[PDB]
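4 protein chains.
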Amino acid sequence: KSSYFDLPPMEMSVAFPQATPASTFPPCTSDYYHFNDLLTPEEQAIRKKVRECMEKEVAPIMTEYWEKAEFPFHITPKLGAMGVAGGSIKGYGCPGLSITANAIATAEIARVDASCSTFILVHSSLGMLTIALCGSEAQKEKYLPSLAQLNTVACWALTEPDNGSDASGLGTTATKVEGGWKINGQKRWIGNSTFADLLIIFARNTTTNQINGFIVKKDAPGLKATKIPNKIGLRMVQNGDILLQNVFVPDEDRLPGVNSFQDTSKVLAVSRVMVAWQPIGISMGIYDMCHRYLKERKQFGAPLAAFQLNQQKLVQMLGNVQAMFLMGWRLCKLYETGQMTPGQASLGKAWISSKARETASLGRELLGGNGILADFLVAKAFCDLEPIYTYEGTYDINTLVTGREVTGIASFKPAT
Amino acid sequence: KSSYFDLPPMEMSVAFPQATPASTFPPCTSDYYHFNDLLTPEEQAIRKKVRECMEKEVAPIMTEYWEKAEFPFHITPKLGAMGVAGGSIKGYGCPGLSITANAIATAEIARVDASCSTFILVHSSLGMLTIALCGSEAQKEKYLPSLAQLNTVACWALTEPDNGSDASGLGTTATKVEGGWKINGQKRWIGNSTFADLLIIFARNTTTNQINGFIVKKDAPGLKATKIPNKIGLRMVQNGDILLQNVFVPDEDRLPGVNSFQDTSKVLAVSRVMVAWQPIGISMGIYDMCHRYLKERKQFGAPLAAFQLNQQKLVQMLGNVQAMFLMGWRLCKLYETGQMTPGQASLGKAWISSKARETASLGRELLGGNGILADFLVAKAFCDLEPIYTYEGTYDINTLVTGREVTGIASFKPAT
Amino acid sequence: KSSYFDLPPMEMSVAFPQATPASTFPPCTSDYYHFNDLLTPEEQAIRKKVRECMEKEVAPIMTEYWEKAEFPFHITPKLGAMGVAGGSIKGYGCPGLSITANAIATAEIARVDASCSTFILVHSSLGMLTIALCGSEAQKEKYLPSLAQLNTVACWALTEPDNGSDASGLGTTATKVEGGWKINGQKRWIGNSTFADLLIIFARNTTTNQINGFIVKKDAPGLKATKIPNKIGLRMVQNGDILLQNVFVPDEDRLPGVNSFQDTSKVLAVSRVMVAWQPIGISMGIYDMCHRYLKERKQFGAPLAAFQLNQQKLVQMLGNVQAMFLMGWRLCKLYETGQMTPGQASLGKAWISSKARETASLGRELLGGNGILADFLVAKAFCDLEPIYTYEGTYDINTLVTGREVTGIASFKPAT
Amino acid sequence: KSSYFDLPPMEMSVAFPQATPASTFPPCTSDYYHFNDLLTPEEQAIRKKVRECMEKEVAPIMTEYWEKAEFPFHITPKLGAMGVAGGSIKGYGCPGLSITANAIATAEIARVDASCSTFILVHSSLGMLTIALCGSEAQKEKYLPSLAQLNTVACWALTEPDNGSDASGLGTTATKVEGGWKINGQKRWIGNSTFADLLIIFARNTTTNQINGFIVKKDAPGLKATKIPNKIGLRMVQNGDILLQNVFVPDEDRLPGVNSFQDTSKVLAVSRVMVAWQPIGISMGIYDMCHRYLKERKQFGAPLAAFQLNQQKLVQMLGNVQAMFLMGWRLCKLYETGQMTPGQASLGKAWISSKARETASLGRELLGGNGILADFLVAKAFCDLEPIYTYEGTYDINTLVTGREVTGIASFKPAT
Ligand SMILES: Cc1cc2nc3c(=O)[nH]c(=O)nc-3n(C[C@H](O)[C@H](O)[C@H](O)COP(=O)(O)OP(=O)(O)OC[C@H]3O[C@@H](n4cnc5c(N)ncnc54)[C@H](O)[C@@H]3O)c2cc1C
Ligand SMILES: Cc1cc2nc3c(=O)[nH]c(=O)nc-3n(C[C@H](O)[C@H](O)[C@H](O)COP(=O)(O)OP(=O)(O)OC[C@H]3O[C@@H](n4cnc5c(N)ncnc54)[C@H](O)[C@@H]3O)c2cc1C
Ligand SMILES: Cc1cc2nc3c(=O)[nH]c(=O)nc-3n(C[C@H](O)[C@H](O)[C@H](O)COP(=O)(O)OP(=O)(O)OC[C@H]3O[C@@H](n4cnc5c(N)ncnc54)[C@H](O)[C@@H]3O)c2cc1C
Ligand SMILES: Cc1cc2nc3c(=O)[nH]c(=O)nc-3n(C[C@H](O)[C@H](O)[C@H](O)COP(=O)(O)OP(=O)(O)OC[C@H]3O[C@@H](n4cnc5c(N)ncnc54)[C@H](O)[C@@H]3O)c2cc1C
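Residue numbers (my numbering), protein chains in the order written: chain E, 13 to 428; chain X, 13 to 428; chain C, 13 to 428; chain S, 13 to 428.
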């Protein structure tokens, strides 16, 4: 204890005057290859709209809510006001955007905050889309409209403690009963699960021994989703462990499209493209912050940006960014032309996430001390990126998916 | 909100049964080149003692206190029971260890927790040692005995918001008054400062225009140290912003050894060696955890350690570790023989911290999902390492110190 | 000596049957993101034409001539038959291609052989273009037609032993005499110089103290260009040391466009873009070879492409390639739109050359033993790439050019 | 053709005066951690002796013979005068050195030239040692004395075109005949084979279906060893393809120790340690050259060693070197204490060779243009290192050997 131990933290205005925190978000200096040429007039407008609605409403409060690992619920309606939820889904009260537009949207969110980016992505590109492609016409018209407006929040539940990367061999059972199903099993890592209204839980149809999709409602008897604590990244994203004991799902709430796991590998085709755009966004932000910081912070009687070592670090980031964008952009134009294959998308996410790590690592050390402060974005984004490298297919798995497709030989399984 | 939103987190026994958390700390499988051969019988005994007293008393509680960013005060006496505080200092109620022993001690702490390692290092190798080398015989006999037993905690205050890497050009003034001094200025990043009894504050002697050392007592009128929040690493270490308004320091509490900043560069010679040993420790822990995890966690019907990609990652870590140790060991044997130069020590810290990052980065991705959980050590240590890469001389500064010494040409300042 | 010491090398058919050498060049499996979409119908046709005319006429003989470090002169007319020399130059008997087309042309040459790529690039993009932009209408109509058909070969002479990266401070003097000039000085590294008909030598106009361009004819009295030996890369490219003792250049053969070094920085704008495309080409070839080799060579009772470690290496190359291409492609579309700046082009070359090294390094180790054989392309290209990383602006210089432009602060000069 | 095309290359004194070539070899500035402390008085004397006898007799001529890919036979007796051949072998006219001494000897050779280092290593650590451990007392007393003096040269023949990394499944047959054996099969990559007096050829004992060792004499009827051309590294090392048609080996010339391939894995235990020391040596040389070059070559009105970017590159090399040495040193002290295991040695070679590549890559780019010239060592050593990364167990194989030992699970074979 001390007479000054209880006193509130020093204001950033007094504690470190030389540099401007992320509270007032940096200008877009990462767009060095003038990317608006690769975007359509409408895509450009969505890009600008999201960017502004993020620097205004999320940028100030994000620093506080990340430390507390609490979700900023009062921001939800502001995100549904951007018109991004639903994204790729056409009709059913959804914006109906192009894959390039829905991707550049994700970017300009992850740029300011990766946490709020994953929240929407899991809800929109995994939750909503699964209903939009595998659901029935009765389900699409029922749920989607409210989900696109963010009045109701959905979550995607494929992963288990026992089965992660080997997702196709999951152990949650879906026993057929009169009038519906009884879902029994456990889930781990599901974002939004602790507060989600709709829980798209994947389970094993005990009759067919195949994987089926189920829309599980909130608070449903036998369902218990508890918060996963102590995350170093994506701290605002409420990830949880789901328990399922005789959870009833009526025949009307089973997804008719999912009848094996191969059916899921059409939703993932969009999901993998969209996740691939998160690092593209994050890295841009990391640069934008570094560019300003190195120009504001003075040491040895000169801005940091004047020193050879710092410049080489900055341009390596700038170079990594330009390539990462073009990579993700091309990936979209492959999906749009309808000639995109699992391997191309798996290469996309893997490569981009890898260079994003390098870019984040350089950015983090460039700010030195304040490089470990979430006040200055880079530190938060450095941490925020680590799960992204792993989730939606770990680097190693993706590189092996692209491996299998190109070589023609599968090398996933062990020897034995 | 939800009926299950408020419910406590799922126990690790139920949430993820396949793997054992850091609560029960991993066995020492990182010692692959059998390092006990490089240590003396007495050094070996200190190594073992600390390791055990860390896996017992810190290992269980560390996960909880890291998330809360709170210091575990009830552990303090247990650390002072290890007989590590003081370390290199001979006499004055200190253990009187060899530089190799005091280094291997730091390692086996940082191995289990980097936070508690920095706490002691700043207290012992920076605080206590400054008094031991630059203090008067009257000061050494007065403070050191209590500081070695951890009844009183000391902190080192050189860095400022305006002056960080350019430490020799600091702006905290030490105006001479009748009977003592009036310290005026600001400090940033000082570990333990918020609860430290002794504050070794460096200020500019306004009469000589040189840097002098001052022992500032706790609660002293005009002194205000506030906690720095939102750190991604070393979260338990209470780092703070120090304010100083006409803080009186009597003539008896001025360090007579510090007459310019060059005098400090004899304390730093030990401090830089000791910090260099933190990554060596941390990385060993990161390995020990990975080795078990890859052997416990099963996927695709085999332990993770069976897959080619995972093995190459693991052995790269094992290789990085063996070299890091030998590097730090040699560094000690250079200081011990008395032929160590600033450049050698600067190369030591820089190189080791660099490979520690690589080792931590691999380790973090090896655990996949649980790679972002502080429950599993790696994530915490991954974050914990980032400030260490920067503090006690940033990588770039150190590489330039070694640069200046070898080439003969100084390349720190800008052009202009 | 031995009874078998003098005997000719074993045929590749008997010495290593499992794999096919570069003699029969690999199919295009590096084009994974289907790049023909980014090219125009005419650009596609040039791409195909060059690729075929390289796999037929150069691919067999390249292995032999690289080892001997001799230029394949009997291939010259076959290269001038492709219609690539001149490239960007409109009229004057030149093909008049787009910057994207002239870039994709360079790629499909460097793909098969980097040596023959540099030969043409130095001749066309540096030699011919300098005349086309800085020469007089009388000079353009006189030389260019024959240079485009490869009946006459030109070389570019800016670099000196004393002045390399600091090119603007060169020491070759151009003393004004009656009716012309007397060029005095030394040059180093000039490709084609030993056999070039036209030598575009840059010298210092002693009257204005500025840099001027001079067309020096072959065999001119006082001129002596000797071959530089012992190169590990670009061995077929005849690089030489040029000596100049009172070499007369008539007033008609002075380039009227070059009156300071700033005038050169418009030719370099194309030259830097074109060099940036060499690694893009080379790396594609390196992949194409690896993809086949890993599928042909069998070990442990399976093709190399079946092993996890080898796949991860291959896909990292494939990923590096797709990005490198998009990067160079975008760079062209920046020059084409006329909004390209020195910094963007400097980022292009730097980044691409850097990833090309990584890609080459992986490719070289993938072939193992035969990875050091020029018979198998990769080894040759691995070596061939090293000068490219350095010449046309070293990585460090380029990263500093992009540094200066973005930050606004120049950090080229030393302290002192 | 030209009047100056046939003229001999420009002397290095005139062509590039600013820097000193490798002809006059650089001073030892790579020994930054003062390594003579880790060596015995006798080891120090051997280190110095070899270093001097290399800088005098090999250093001038190496540049010429590397380009021509010819072996400098007139240097052989000078190498046998150093007293290094035999090395570890006790008695039988061999020097009888310690493993640490024989390793530091290899280093100080590979430092000046890697080619001459491999020549001796294959002869001494693979050839001679195989006889010393697996040969009979009659064979040791017969061959070794002459082999240690370098009057006779031996070579090691395990690898085949069909079987490389999978060495234990080789296909050279050893059919038993009256009075001896008939060796039938093919070999590839054998150093010295084209001029070696003794050819230690490994073949499959057709009776036991196991691997046996055979001493095949030079010029033996049915034996034909042809030179392998077009190598980018170790160009002086005469590597060859061996043909064997009914080559008779009398019962007296069969190695009685080699009864299966497991017996070989005691010779390799020394061979792998010794190869591991080649990069340690090479990298030291690469540094020593860079340190001088960056201090001699001036650009922008300052030595290259004055620029931040160049210093960071240089110290990364210096750091990589100090660790590489300690790593190899520790490895020796593990073999010496008799507690070294295949995995430790496999980690040694793998890790060291990996960092040697990094160190060589940096060194090569530091010299810029002259970084591709064998005149300046770095380029030659950069190339020379590439096979070393692969031969004596490729990086991937070694990392998997260390993988198997630590994890307990073997991951060499494919699935299928
Ligand atoms: C958690 C933690 C605990 C700490 N505890 C203490 C403590 O107890 N006591 C104490 O005194 N200090 C402490 N520090 C502060 C630390 O000493 C400083 O952060 C560091 O020494 C200087 O970095 P900076 O924050 O001032 O950033 P800067 O000095 O501004 O450096 C930022 C970046 O600029 C680069 N740079 C700076 N100068 C040059 C140059 N000349 N040439 C090329 N590049 C350059 C650096 O490489 C760095 O990446 C602590 C820091 C941390 C993170
Ligand atoms: C914060 C975050 C949010 C998440 N949100 C969701 C969500 O909303 N919905 C959802 O369904 N999931 C979610 N996940 C879970 C995620 O999908 C899984 O973590 C991941 O797909 C599988 O990793 P794992 O945790 O099971 O570790 P593992 O699958 O056990 O993998 C651990 C390591 O082993 C390696 N490995 C595994 N198999 C092989 C192999 N065959 N060959 C070589 N190496 C192999 C991997 O490379 C990895 O490094 C989230 C995860 C995180 C971190
Ligand atoms: C100049 C030089 C000198 C040599 N001298 C000798 C000599 O004197 N005596 C002698 O006996 N040999 C010698 N060798 C041969 C050497 O031993 C072999 O090259 C090497 O051991 C096997 O490599 P390889 O050429 O057969 O390629 P491969 O064995 O086919 O390997 C190619 C690639 O495949 C990868 N790979 C192979 N198996 C696996 C697997 N199971 N899992 C994952 N990846 C795998 C490797 O990592 C490698 O990158 C020499 C080689 C060179 C280059
Ligand atoms: C095979 C090949 C072909 C070539 N062909 C031609 C040709 O046809 N025409 C022609 O004109 N030239 C040619 N060149 C020469 C080439 O342009 C020069 O090599 C290069 O531009 C300058 O490098 P340098 O050799 O002078 O080394 P240096 O300029 O001395 O550079 C050496 C190192 O110092 C570093 N360095 C230099 N200055 C700085 C600084 N200010 N700050 C930080 N680091 C610095 C660099 O990064 C580099 O690593 C060729 C070179 C090669 C290798």
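Backbone N, C-alpha and C fix where the C-beta goes; we use that ideal spot for every residue, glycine too.
Roughly how many whole angstroms lie between the Cα atoms of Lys425 of chain C and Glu64 of chain C? Here residue 425 of chain C corresponds to residue number 413 of the third sequence, with the count starting at 1. Here residue 64 of chain C corresponds to residue number 52 of the third sequence, with the count starting at 1. Rounded to whole angstroms, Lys425 of chain C to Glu64 of chain C spans 46 Å at the Cα level.
How is the alpha helix (DSSP H) around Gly355 of chain C delimited, first residue to last? The sequence position of residue 355 of chain C within the third sequence is 343, counting from 1. That run of the alpha helix (DSSP H) goes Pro354 to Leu378.
Contact list for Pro72 of chain X against chain E, beta-carbon separation under 8 Å: As a position in the second sequence, residue 72 of chain X is number 60, starting the count at 1. Here the premise fails: no neighbours, minimum Cβ distance about 14 Å.
Tell me whether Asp253 of chain E sits in a helix, a strand or coil according to DSSP, three-state version. As a working mapping, residue 253 of chain E is identified with position 241 in the first sequence. Looking at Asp253 of chain E - three-state DSSP - the assignment turns out to be strand.
For a contact defined as C-beta to C-beta under 8 Å, what are the partners of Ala427 of chain C on chain B? No chain B appears in the structure shown, which is made up of the protein chains E, X, C and S.
Between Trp168 of chain S and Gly313 of chain C, what straight-line distance do the alpha-carbon atoms span, to the nearest angstrom? Within the fourth sequence, numbered from 1, the residue matching residue 168 of chain S stands at position 156. Within the third sequence, numbered from 1, the residue matching residue 313 of chain C stands at position 301. Taking the straight line from one Cα to the other gives about 25 Å.
Can you name the residues of chain X whose CB is closer than 7 Å to the CB of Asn242 of chain E? Translated into the one-based positions of the first sequence, residue 242 of chain E becomes position 230. Simply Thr75, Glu79, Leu385, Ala386 and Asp387.
Short-range partners of chain C found in the region 303-328 of chain X, where Cβ spacing is below 8 Å: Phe319, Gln320, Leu321 and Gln324
Pull up the DSSP beta-bridge partners for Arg266 of chain X, would you. The residue you call residue 266 of chain X lines up with position 254 of the second sequence. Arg266 of chain X pairs with X:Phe226.
Pull up the CB-CB distance for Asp174 of chain X and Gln30 of chain E, whole angstroms please, since I reckon it's below 8 Å. As a working mapping, residue 174 of chain X is identified with position 162 in the second sequence. As a working mapping, residue 30 of chain E is identified with position 18 in the first sequence. Contact holds; Cβ gap of about 7 Å.
At 7 Å on the CB atoms, spell out the chain C contacts of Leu374 of chain E, in chain order. Against the first sequence, residue 374 of chain E aligns to sequence position 362. Simply none; closest approach about 13 Å.
Leaving aside the five residues before and after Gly234 of chain E along the sequence, list all residues of the same chain whose C-beta is less than 7 Å from its C-beta, in chain order. By one-based count along the first sequence, residue 234 of chain E stands at place 222. Answer for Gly234 of chain E: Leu256, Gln257, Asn258 and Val259, listed in chain order.
When every heavy atom of ligand 1 is checked, does at least one fall within less than 7 Å of the C-beta of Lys61 of chain C? Your numbering for residue 61 of chain C matches position 49 in the third sequence. No.
CB of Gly405 of chain C to nearest heavy atom of ligand 4: below 7 Å? Residue 405 of chain C sits at position 393 when you count from the first residue of the third sequence. Answer for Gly405 of chain C: yes, Cβ within range of ligand 4.
In its own chain, which residues sit with a C-beta less than 8 Å from the C-beta of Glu172 of chain E, not counting the 5 before and 5 after it? The residue you call residue 172 of chain E lines up with position 160 of the first sequence. Counting only Cβ-Cβ distances below 8 Å, and skipping sequence neighbours, we find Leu182, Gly183, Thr184, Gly197, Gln198, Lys199 and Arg200.
Round the Cβ separation of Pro107 of chain E and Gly99 of chain E to the nearest angstrom and send it over; I've been treating them as touching at under 8 Å. Here the question's residue 107 of chain E lines up with position 95 in the first sequence. Here the question's residue 99 of chain E lines up with position 87 in the first sequence. About 6 Å separates the two Cβ atoms, so the contact holds.
Taking 8 Å as the CB-CB limit, is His135 of chain S close to chain X? Here residue 135 of chain S corresponds to residue number 123 of the fourth sequence, with the count starting at 1. It does not; no Cβ of chain X falls within 8 Å.
Tell me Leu246 of chain X's beta-bridge partners as DSSP assigns them. Taking the first residue of the second sequence as position 1, residue 246 of chain X is located at position 234. DSSP, once it has assigned bridges, lists no residue as partnering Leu246 of chain X.
Taking a contact to mean a Cβ-Cβ separation below 8 Å, would you say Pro315 of chain X touches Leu306 of chain X in this structure? Residue numbering aside, residue 315 of chain X sits at position 303 when the second sequence is read from its first letter. Residue numbering aside, residue 306 of chain X sits at position 294 when the second sequence is read from its first letter. Judged by their CB atoms, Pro315 of chain X and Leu306 of chain X are nearer to each other than the 8 Å cut-off.
Is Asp275 of chain X near ligand 1, with its Cβ less than 7 Å from a heavy atom? Your numbering for residue 275 of chain X matches position 263 in the second sequence. No; taking the cut-off as 7 Å, the Cβ of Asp275 of chain X has no heavy atom of ligand 1 nearer than that.
Skipping 5 residues on each side, what residues in its chain have a beta carbon closer than 7 Å to that of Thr32 of chain E? By one-based count along the first sequence, residue 32 of chain E stands at place 20. Excluding residues within five positions, the ones whose Cβ falls inside 7 Å are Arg304 and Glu308.
For a test of the three-state rule: what should DSSP assign to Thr52 of chain S, helix, strand or coil? Taking the first residue of the fourth sequence as position 1, residue 52 of chain S is located at position 40. DSSP places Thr52 of chain S in coil when its eight states are reduced to three.
Please report the straight-line C-alpha distance between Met339 of chain C and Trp289 of chain X, rounded to a whole angstrom. Within the third sequence, numbered from 1, the residue matching residue 339 of chain C stands at position 327. Within the second sequence, numbered from 1, the residue matching residue 289 of chain X stands at position 277. Taking C-alpha positions only, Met339 of chain C is separated from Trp289 of chain X by approximately 42 Å.
Taking Cβ-Cβ distances shorter than 8 Å, what residues in chain E pair up with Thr238 of chain X? Counted from its first residue, the second sequence places residue 238 of chain X at position 226. Residues of chain E whose Cβ lies closer than 8 Å to the Cβ of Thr238 of chain X are, in chain order, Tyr16, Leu19, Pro20, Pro21 and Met22.
Beta carbon of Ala126 of chain X, beta carbon of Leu397 of chain X: below 8 Å? Here residue 126 of chain X corresponds to residue number 114 of the second sequence, with the count starting at 1. Here residue 397 of chain X corresponds to residue number 385 of the second sequence, with the count starting at 1. Yes.
Are the beta-carbon atoms of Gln161 of chain X and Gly103 of chain X separated by less than 8 Å? Here residue 161 of chain X is taken as the residue at index 149 of the second sequence, counted from 1. Here residue 103 of chain X is taken as the residue at index 91 of the second sequence, counted from 1. Not in contact: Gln161 of chain X and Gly103 of chain X (Cβ atoms no closer than 8 Å).
On the DSSP bridge assignment, give the partners of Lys188 of chain S in chain order. Numbered from 1 along the fourth sequence, position 176 holds the residue referred to as residue 188 of chain S. DSSP output for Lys188 of chain S lists S:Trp193 as bridge partner(s).
Please state the DSSP three-state secondary structure of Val70 of chain X. As a first step, residue 70 of chain X must be located in the second sequence, where it is residue number 58. Three-state DSSP puts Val70 of chain X in coil, outside helix and strand.
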